[PDB]
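**Q** no FASTA, just this:
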RNA sequence: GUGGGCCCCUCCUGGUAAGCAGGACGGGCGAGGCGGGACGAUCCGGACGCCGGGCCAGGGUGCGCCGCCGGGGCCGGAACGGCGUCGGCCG
RNA sequence: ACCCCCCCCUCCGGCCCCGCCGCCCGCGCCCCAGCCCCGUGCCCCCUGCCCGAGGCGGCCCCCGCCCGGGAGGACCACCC
Ligand SMILES: [K+]
Ligand SMILES: [K+]
Ligand SMILES: [K+]
Ligand SMILES: [K+]
Ligand SMILES: [K+]
Ligand SMILES: [K+]
Ligand SMILES: [K+]
Ligand SMILES: [K+]
Ligand SMILES: [K+]
Ligand SMILES: [K+]
Ligand SMILES: [K+]
Ligand SMILES: [K+]
Ligand SMILES: [Mg+2]
Ligand SMILES: [Mg+2]
Ligand SMILES: [Mg+2]
Ligand SMILES: [Mg+2]
Ligand SMILES: [Mg+2]
Ligand SMILES: [Mg+2]
């Protein structure tokens, strides 16, 4: 073909401004900016809909239009609802301790498998972290940017590693349990 | 956000080949490498060129699907499209490039001394 | 073939060449790093080595085998008469490193500083700062010349000299050294502090404190021309070597057909 | 230069002798003429009087343009006397007007040993 | 015999070197500014290992005899140009002495009139999917100490030149007002016939 | 550079077979000397008539009218380093000879096969509806538009005499 | 005078093989300048008195270093693996 | 990531500032984008061929030993 293209629907609640492959979206929850100026794209904002197109695709350029359309959809859910990741602290015989600090901009971890080293993990900006007030041994990450929320939860998971042991038997850690939107 | 497209009736300026320097119109599209062009009011025969030689203007002429060198000739003349290209600032520069291509060595001598009068006038002006 | 048993090389190749030092004295090449906001303070001083003694001290450590016991320690004594600050220099950080703006000297310069400008003092005709003292007499010129260092410099240093008439030494000319002003709130506060030290004495109790750590820079004892056993610490050859056992036996393989810079050779030690 | 003093001209450069990677022919010079990019537009400067200034005497040396060289606007020139190597990279003048320099622009093999079957008169 | 001043931003290292070397041998003085903004095609990490394999070659018995490896972006460019020059002859040494290379745009060149060579600029030379890196970033990974200083100096310079442009704009509206000098309207109309 | 030729040939007549049969072929070649050689390459295999034993009656050269763009379908066979293969290709061109120029350059570039490695079985015009290759079919339509596939090529070319400029030029699109 | 030869192309014999050893038609170096193959007695061209002009073989034409553009495609080494990319054949 | 590069640390042609106190040379400044490229696809094209202030950038020049001690040392040098 000469062109490969995909189209998505723009919901009524957001404002959108696209210019030289910079997409800015804004609703109630916040305002987001991404920069897709590293790829050759022909994006078209017109008549309350969005199209992304690549002229003369040969190899992996045909893989582009669906990627840039999916990232923009995560940019409509976050600005409308927001994302929410729930982690669960798991252990055997040594309770993990967890204190939110910096007014929900950092978390400390203590006593992982009865260890002296303490763990400090700061949130990427725009992300907040609260202890569950409903069901015990569970953390809540919230934000508009899905990359930012998932990068923080993975940085916590990577901070609690059991060295030099059969990991199939020693299974303590902090694991992501729910990858969803918020529910107000 | 493209505004010039390869299509039937697009006017082009020939930038290379043996017909370099002339205008012409597209009648058919072989592939993404080549076209059939035919400009009969500017002095070009209907031939196949490489798209690497054709510079896309911003003008389209309304034409039929498979015209003939006579029908195209009267289709072109109906349109004002060629005359508006020659009035634009690109078309004016092309005109001057045709009076500076015929020059002979005695004339190169004359143009060169005039450029010396322009360089020294614009300095006898910039000093208030 | 491979060398059959394993053994490291002798000596440290990062202290090459083993030439005599050509700098005159120890020269401070780096200064401690400035911290924006810190209280202002000086960073260096110059003294003369006087002697060694030993002391008795009560050790307050934790986990150590000397935790609540007494130790005898060796101490070195350094003689430090007060230094006189005579000039202010500023530098700018540029794409070619540190470049200086200007150096502003004091109105009145003492004999120990003036002697460092001459080879023989009695015989020479004395024309150092002859014009400068006349112009700088009125203090206005200093203020204008300090009006540049406040506007262009990132680093400020003071020029200071020692007073060798308060020691048992033989020399009569001073040793002149730049001392960097660290700390402060901005550049402009470090030039008000340097001006308030002009032509005044500075005591070592007002740079260093008790219990802090310092670095000492100097030139080592000299031994002249010395062979490989002492210069480099290589093993001494057996007793029945024909032409002497204070040598390196093999100084390279056949290829490459040159002597390498990593081989121990005789020359200046100390 | 008291005879070419007022003569306007087109600029040129002497880049080197005619050569291969094995040999070098010092009796022909290669010359770069400003504004000439094609072999075809070398006709305009063909056969015209040029000159270079030897900056030890200060005098000019006169010559003429003989052939083109390559596809890209270089020419071949022959001077009254073959040039020294010191003169490479220097500027060459292509005169717009005509100058009667007599036979002081022609090469030394053509002036003598040029074979006019001619004789030595002895007055 | 003016000096040709080339702004090296956006240019391919090897395609720019070939031009300058041929100009130097024609008796031209050339300066090159902003050497840390030139471009080398390829992934940064491939380019990195290539420059770290050069630095491994030194005379085994004495490194003061060996190849010297320069770390500033201006000196890397100057050593590339020497590869295209017969620098061990008199004709070749005269050509090196006519060349200057600068990181940033320093005051000795700040009022020179600049040019570019688009046939050797990466936006016209390289395919869109080819990786590419700036010479300044490669230098910083092999030992250049002044990456942050060039940026601070570049920033202050552009602000001062941005104020200057505003007054230069007004000057053009007075300089170009001069359509009242007929003795030039007699020059433009004769140039008209030949253009 | 390719040209269309029609060749007639026949075995030399003898006593057993007076008036031998006449065989004709259509050949594409760069000139008349290559075309007659290629006629004897096939008549030797298909009919066992070496060139020593027969004679050529004509080498007709046929010039085709262009002026309109048609589809062509080429059935051929070629030889690689591991054997022999059959292949069908489609192209859009203005005359049959020009469609054979395009084929020989695609074989040389994508298969690395030269002229004497290739035997042409069939060359015919293909109506718009009957096309079977995606590349050709895209352009067998009404209203096909695309933006210029390489406008940088214009700008670089001008920069071969205009070696130095005062601003970096744009690429109009 | 010579009766120590050697190499290339095709064709062979002993040997795991060899820049190993032994044979065959024709050619070369030996005893052959010049250009090219970065570099080489033998490979690709061309075989030689001393010069001036022209044409051009072999190989090539970003800069070193004499000479280039246009167009159509694609993007040392074995068994054996590859949802890298472009193109085909059979169902 | 014991690896690699830089700091610290050793040598260091050259250069800069300051003390005592003249010469010469040149004449030219927007910036940023290339799948907005904002209306382009130019200018320059005379370094003498008739060019030759102020400011703004360059260039040159400018500094003793012997003698005796030493913490220095083959001789020299080095520090006084
Ligand atoms: K050994
Ligand atoms: K051994
Ligand atoms: K030893
Ligand atoms: K050795
Ligand atoms: K050594
Ligand atoms: K050794
Ligand atoms: K020794
Ligand atoms: K054997
Ligand atoms: K022979
Ligand atoms: K494959
Ligand atoms: K190392
Ligand atoms: K260290
Ligand atoms: Mg013995
Ligand atoms: Mg003995
Ligand atoms: Mg043998
Ligand atoms: Mg012999
Ligand atoms: Mg050779
Ligand atoms: Mg060349």
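**A** Yep, it's here. Residues are numbered from 1 along each chain as shown, chains lettered A, B, ... in the order given. Ligands and ions are numbered 1, 2, ... in the order given.

**Q** all strands of the chain, in order?
**A** Just going to use chain A. A:3-9, A:15-19, A:22-26, A:31-35, A:44-45, A:49-55, A:83-90, A:97-101, A:106-110, A:119-122, A:128-131, A:139-143, A:173-181 (DSSP state E).

**Q** ah, no, chain F please
**A** Using DSSP E, strands in chain F cover F:3-11, F:23-29, F:54-62, F:70-80, F:83-93, F:118-125, F:146-147.

**Q** now those in CSV, with mean neighbour count and distance to RNA strand H?
**A** Every residue, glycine included, has its C-beta placed from N, CA and C. Converted to CSV, the strands of chain F look like this (neighbours: other CB atoms under 10 Å in any protein chain shown; distance: least, CB to the nearest atom of the strand, whole Å):
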stretch, mean neighbour count, distance to RNA strand H
strand F:3-11, 19, 37
strand F:23-29, 18, 37
strand F:54-62, 14, 41
strand F:70-80, 17, 27
strand F:83-93, 15, 23
strand F:118-125, 13, 33
strand F:146-147, 18, 8
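
**Q** circling back to that earlier point, return the most buried member of the strands of chain A.
**A** Among the strands of chain A, strand A:139-143 has the highest mean neighbour count (mean count of other CB atoms under 10 Å in any protein chain shown), at a mean of 21.

**Q** contacting residues around it?
**A** With CB atoms under 8 Å, 6 or more residues apart in numbering or on different chains as the contact definition, strand A:139-143 has outside contacts at A:78, A:82-87, A:89, A:98, A:107, A:123, A:126-132, A:149, A:152-153, A:156, A:174, A:182.

**Q** may I have the residues that are in contact with residue C:141?
**A** Residue C:141 sits next to residue C:135 when contact means CB under 8 Å, 6+ apart.

**Q** out of the strands of chain A, nearest to residue D:97?
**A** strand A:49-55 (57.0 Å; CB to CB).

**Q** gap between the closest residue to residue C:239 other than its chain neighbours and ligand 3?
**A** The shortest distance from residue C:239 to any non-neighbouring residue, by CB to CB, 6 or more residues apart in numbering or on different chains, is to residue C:245 (6.8 Å). For residue C:245, the distance to ligand 3 (CB to the ion, to the nearest Å) stands at 9 Å.

**Q** OK, contacts around residue 76?
**A** Using chain A here. A:10-11, A:14, A:25, A:27.

**Q** actually, chain E is the one I wanted.
**A** Contacts for residue E:76 (CB under 8 Å, 6+ apart) come out as E:35, E:70, E:135, E:138-139.

**Q** out of these, who's nearest residue C:115?
**A** Nearest member of these to residue C:115, counting by CB to CB, is residue E:70, at 43.6 Å.

**Q** is that closest one in contact with residue E:79, as I believe?
**A** Yes - assessed by CB atoms under 8 Å, residue E:70 is found in contact with residue E:79 at 6.1 Å.

**Q** circling back to that earlier point, how about the strands of chain F in a markdown table, adding distance to residue D:47?
**A** As requested, the strands of chain F are arranged in a markdown table below (distance: least, CB to CB, whole Å):
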| stretch | distance to residue D:47 |
| --- | --- |
| strand F:3-11 | 43 |
| strand F:23-29 | 45 |
| strand F:54-62 | 45 |
| strand F:70-80 | 53 |
| strand F:83-93 | 47 |
| strand F:118-125 | 52 |
| strand F:146-147 | 50 |
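
**Q** and RNA strand G, which of these is closest to it?
**A** strand F:83-93 (3.5 Å; CB to the nearest atom of the strand).

**Q** can you give me the neighbour number for whatever residue of chain A ends up closest to ligand 3?
**A** Taking CB to the ion as the measure, chain A has residue A:164 as its residue closest to ligand 3, at 45.5 Å. Look at residue A:164: counted by other CB atoms under 10 Å in any protein chain shown, it has 6 neighbours.

**Q** need the contact list for residue D:23.
**A** So residue D:23 contacts nothing (CB under 8 Å, 6+ apart).

**Q** quickly note the distance from it to ligand 3.
**A** 60 Å.

**Q** kindly report the same for residue C:92.
**A** Distance from residue C:92 to ligand 3, by CB to the ion: 52 Å.

**Q** could you do residue E:70 as well?
**A** 39 Å.

**Q** can I take it that that residue is in a strand?
**A** No - counting by DSSP: H, G, I helix; E, B strand; the rest coil, residue E:70 is not part of a strand but coil.

**Q** ramachandran angles for it?
**A** The phi/psi pair for residue E:70 (degrees, to the nearest 10) reads phi -90, psi 140.

**Q** that one: neighbour count?
**A** 15.

**Q** for it, give me its contacts.
**A** By CB under 8 Å, 6+ apart, the residues touching residue E:70 are E:76, E:78-79.

**Q** do residue E:147 as well
**A** So residue E:147 contacts E:36, E:136, E:139-140 (CB under 8 Å, 6+ apart).

**Q** of the residues you listed, which is the nearest to chain F?
**A** When the contacts of residue E:147 are ranked by distance to chain F (CB to the nearest CB), residue E:36 comes first, at 18.1 Å.

**Q** how close does the nearest residue to that closest one once chain neighbours are set aside sit to residue E:16?
**A** Leaving aside its sequence neighbours, residue E:36 sits nearest to residue E:136 (CB to CB, 6+ apart; 3.1 Å). Separation of residue E:136 from residue E:16 (CB to CB, to the nearest Å): 15 Å.

**Q** identify the residues contacting residue B:24.
**A** Here residue B:24 is in contact with B:11-12, B:14, B:37-39, B:42, B:44, B:54 (CB under 8 Å, 6+ apart).

**Q** element containing it?
**A** Taking DSSP states H and E as the criterion, residue B:24 maps to strand B:23-29.

**Q** who touches the residue nearest the centre of chain F in this structure?
**A** Within chain F, one residue has its C-alpha closest to the average C-alpha position: by CA atoms, centre = their mean, that is residue F:100, at 1.2 Å. By CB under 8 Å, 6+ apart, the residues touching residue F:100 are F:2, F:28, F:74, F:120, F:123.

**Q** how about residue F:31?
**A** Shown in contact with residue F:31 (CB under 8 Å, 6+ apart): residue F:3.

**Q** helix or strand: which one has the residue nearest to residue B:55 when sequence neighbours are not counted?
**A** Once flanking residues are discounted, residue B:55 sits nearest to residue B:13: 4.6 Å by CB to CB, 6+ apart. Assigning secondary structure by DSSP H and E places residue B:13 in strand B:10-14.

**Q** and for that strand, what's in contact with it?
**A** B:4, B:20-26, B:37, B:44, B:49, B:53-57, B:59-61, B:81-82, B:85, B:94.

**Q** so which residue of chain D comes closest to ligand 5?
**A** Taking CB to the ion, chain D has residue D:21 as its residue nearest ligand 5, at 43.5 Å.

**Q** what's the spacing between that residue and chain E?
**A** 13 Å (CB to the nearest CB, to the nearest Å).

**Q** what does residue C:240 give?
**A** In terms of CB to the nearest CB, residue C:240 sits 32 Å off from chain E.

**Q** touching chain E at all, stretch B:104-114?
**A** Yes - for stretch B:104-114, a contact with chain E is found by CB under 8 Å from any CB of the partner chain, at B:107, B:110-111, B:114.

**Q** for the stretch 101-250 of chain C, which residue gets nearest to ligand 7?
**A** Closest point on the stretch 101-250 of chain C to ligand 7, by CB to the ion, is residue C:228, at 5.3 Å.

**Q** cool, chain A as well?
**A** For chain A, CB to the ion, closest residue to ligand 7: residue A:164, 51.9 Å.
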